[PDB]
Structure formats: C-alpha cells, structure tokens
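Neighbour counts run over all protein chains shown; Cβ positions are idealised from the backbone, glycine included. What follows is calculated from the coordinates using simple rules that are stated; it is not laboratory data.
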Amino acid sequence: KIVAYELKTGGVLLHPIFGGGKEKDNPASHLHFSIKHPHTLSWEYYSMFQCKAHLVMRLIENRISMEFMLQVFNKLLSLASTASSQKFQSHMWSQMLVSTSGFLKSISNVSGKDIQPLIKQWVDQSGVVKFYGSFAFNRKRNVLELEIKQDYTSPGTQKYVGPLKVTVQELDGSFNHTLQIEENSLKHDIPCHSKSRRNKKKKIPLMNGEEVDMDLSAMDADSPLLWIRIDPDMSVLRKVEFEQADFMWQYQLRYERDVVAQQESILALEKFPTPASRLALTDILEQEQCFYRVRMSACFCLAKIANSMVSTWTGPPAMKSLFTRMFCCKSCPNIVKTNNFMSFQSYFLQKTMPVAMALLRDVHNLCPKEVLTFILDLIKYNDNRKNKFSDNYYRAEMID
Amino acid sequence: XXXXXXXXXXXXXXXXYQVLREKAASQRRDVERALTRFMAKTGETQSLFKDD
C-alpha cells in the first residue's frame, strides 16, 4: 500500500513544523494542504498516514525493545489516569495532552538513542526507498571474498538512507549481517563462510536447526551463497530490486522461514522464467503445511508461467493433477465432489485454485476448453447441509 | 428344478457411486434451471440482450 501510493503521489509527511506567518513549506503539496488541518486530506492519504504510522512504530521496535515500549505505554496511561478522575486541578490538568514532543521526551527518558535521526528520516522526510543492491559474485574461486555492491538512485520520489544492515544466508551456515554506509556508490563484504567443499559429504551441516534439504541441482561448483536480504524484519520502507541465479530463487521456494521471502521470490519468478522444474517445485511447495496465501500467489505463478507455455508446452494442462493428488473424499474416482471442509487450508485452496486455472491459456484462441468444462463440472457438484459452513464464497470465487 | 424347486427375486441393483451422485447433481441442476425459468418468465424481467 505505501509503495504503491507514494509512487502514485508524493509522500505522507508527519509535521512538527508549521507554515506559520502565511508560509507554505510544503514539498508534499503535490495536491493539497497537510500541516494544520484534517479536512483537506484524502482517504488514500489518510490510510497511508495510518500505514506509515504502523511502520514507524515497527522502526521503534527495530531500535527500542518491546519491554521498554511497555514501560513507555504504562507511563503514558499512568499520567493519564492520575491526571483524570479528580476535582479538576486548575492549571495542572492538561497532562492528558501527550503529543509528540513530550512523548519523545518520555521515550528518551526511558532509553535515549538516535531516535531523532529516526524522526528526521521517516517522520520528517516522507520518502519510499527502493534498493538497487547489485549482486556481485566473489569467492567464485576469486581473489576477493564474498562482496556485494550497494547502489541507489531513482528520482521523482527518492530518499537516501545510509547506515543499516544486510542479511545473507549461506548454503548451510550462519546469518551473516553486514553494515551499510551513506554515499551509496558502495562495495561491501560478507563475514565469510568456510570453503564448503566435498559437499557430497557435507550433506547437512546445520542449515537452520534440524531442517533437512539436499540439492546439488543449483550452480554449486563455486557457490557458497544462497540468498540476499536487507532487514527481513521489514524495518525500512523498501522496494528492493536485485538479481540472483534462478536456482537460488527456486530453492528459496522449496523452504524458507520467511513468508516475505516466499512471496517476493514468487513475484520475481512471476516475472521472467519458464522451466518445467519451476512448475515441479511450485507444486511441491503447494503440497505441504507452509502457508495459505503463498499457495494462492503460487497458483498465480502457475498461471503466469503456463501462459508462457504457448510454444513451450512441456508439462500437462496444469492444476488438474493438483486437484487429483491432494483431495480424496472416497478416493475420488477422477472427480472431487463432497465435504472437503473443516481444514481451512483446503477451504482457502479450493476457493483460490480454479481462478488460477481459468488463466491457463496458450495462444491459439487461448483455448481453456478443458478448464471451462471442468469448472462447469465443479459448479455442478455442490454440497447439501453435510457441510455446516454455508457454501457461499466457494460459489462466488468460481463465478469469479 | 424348473418344476419342483423355486427361488427369490430382487430385480433391482445398480450400485454405482459416481453415477448415483452424477444423477443427484443433474437432478439438482434440473431443479435449479426449472425454478430459474419459472420465476424468470413469471415476475419483473430485465434481460441481457434485447428481449431474451
């Protein structure tokens, strides 16, 4: 929402500064006045006001502990409840006005850090930051060791944010964290992994706990790196653009402990590729216990990639075998019909998947005729009151 | 045995699960389209083309 709106329009700025003295002081006046008055703003602007409020509080998480925030909030409500329910103390009653200045003073009294740079970055400079963190490959049996360049410039609505950290996951190893600097034409290192050689013997040297994964299917000649990440706890208002090997993106979608990483790899593999191994790994990801909406966007991956299977129709007409192999009512003799509920995984999945099935098109007349007849047969096969769950949205998304 | 002994008659087995539920869903579709046509031609009507 924030990246979409502040690339549509300008930023959503949180003023302490007035335009007093008939002054404007408004680079955020691409449309309207914002400083002193509510009833000029738009609901897009108001919604992104609340959204940036969410993510500025997450920045306060990222610099200040949650227990200290509980201390701050208990102090605020202590002053509020003490200042309330009394005989109206004259000249000593406006302590319930707990606005930005005194709240900042209370935070600095609890823990005084560089939160005024956090204000002058995100409260007082309304900008969405993209990230052109250009992947370079050192220790590809190279002289230099595991180096990645940092770059950013994209005007119109840009912002230059400096000292942060970068998260790299190895093949089977440590969460490498690397500092950042301002003056963003930069080159930086990684706190290097060992030379993971004889990896047929080095099967699982503790990837992330006791996770079990084995693939030499990647470009694993001289590659100790798997994935790039900048603040996986989602601090910075970000739009990160980079490139990896495609095997690294597809190996992210077999398992990764971030739904963020899963759906961003889902978007990045919705853009370009069409191998059949992508379809296979997508179908493997869709048949486990991982997440609900990851599989919605993975069926949209199947849709976009099978739309690119016009001249490259290697696999079957997709997503029929996914309804076959995952749903057994009474072993389902070629058709899944009745009472597939009380497991909301299957509820959301059967709600989503035929919409992505209707997108499966190869260009002759786009010909989804088998899919059309299959959706007609699914619309035939609805349930009685054995499902106690009011079969309404399933019908609605099949009509969609 | 054609004259002395006898037997017993049932004369009705089909036992086809998928065919039975196809018949049930087809009858449900028939009831849907029948009531659709009934109150389609009965009450206040606006069409998709001109005079459907």
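Taking the options A:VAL363, A:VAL355, A:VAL371, name whichever one is more than 14 Å from every other protein chain (Cβ to nearest Cβ), touching a residue at least 24 places away in the same chain (Cβ under 8 Å), in a loop (DSSP other than H, G, I, E, B) and under 34 Å from the mean Cα position of the chain (by Cα). Only one candidate qualifies: A:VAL363. From A:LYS203, A:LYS159, A:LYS120, A:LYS105, grab the single residue that is in a loop (DSSP other than H, G, I, E, B), among the basic types (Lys, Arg) and out of contact with any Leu (no Cβ under 9 Å at 6 or more places or on another chain). That would be A:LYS203, the only listed residue that is in a loop (DSSP other than H, G, I, E, B), among the basic types (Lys, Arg) and out of contact with any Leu (no Cβ under 9 Å at 6 or more places or on another chain). Taking first residues from the range A:127-147 that are in contact (Cβ under 8 Å) with a residue 24 or more places away in the chain and partners that are assigned to a loop (DSSP other than H, G, I, E, B) and among the polar types (S, T, N, Q), the Cβ contacts under 7 Å between residues at least 6 apart in sequence or on separate chains come to A:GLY127/A:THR157; A:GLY127/A:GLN158; A:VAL128/A:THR157; A:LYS130/A:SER154; A:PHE135/A:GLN244; A:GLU145/A:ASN138; A:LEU146/A:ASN138; A:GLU147/A:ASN138.
Please verify whether A:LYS52 is among the charged types (D, E, K, R), in a loop (DSSP other than H, G, I, E, B) and closer than 22 Å to A:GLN121 by Cα, treating the condition exactly as stated. Taking the combined requirement at face value, the residue does not satisfy it.
Residue-wise test of (1) part of a loop (DSSP other than H, G, I, E, B); (2) more than 14 Å from every other protein chain (Cβ to nearest Cβ).
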{"position": "B:UNK3", "(1), (2)": "yes, yes"}
{"position": "B:UNK8", "(1), (2)": "yes, yes"}
{"position": "B:UNK14", "(1), (2)": "yes, yes"}
{"position": "B:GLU22", "(1), (2)": "no, no"}
{"position": "B:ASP30", "(1), (2)": "no, no"}
{"position": "B:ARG33", "(1), (2)": "no, no"}
{"position": "B:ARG37", "(1), (2)": "no, yes"}
{"position": "B:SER47", "(1), (2)": "yes, yes"}
{"position": "B:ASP52", "(1), (2)": "yes, yes"}
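Quick check on my filter: what residues within the range A:238-265 are assigned to a helix (DSSP H, G or I), over 30 Å from A:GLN121 (Cβ atoms) and of a type in the set (A, V, I, L, M, F, W, C)? A:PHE247, A:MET248, A:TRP249, listed by residue number.
When restricted to residues that are within 14 Å of chain B (Cβ to nearest Cβ) and over 19 Å from A:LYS369 (Cα atoms), the range A:291-335 contains 6.
In the range A:14-31 there is at least one residue matching the filter, namely being aliphatic (A, V, I, L, M) and more than 18 Å from A:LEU118 (Cβ to Cβ).
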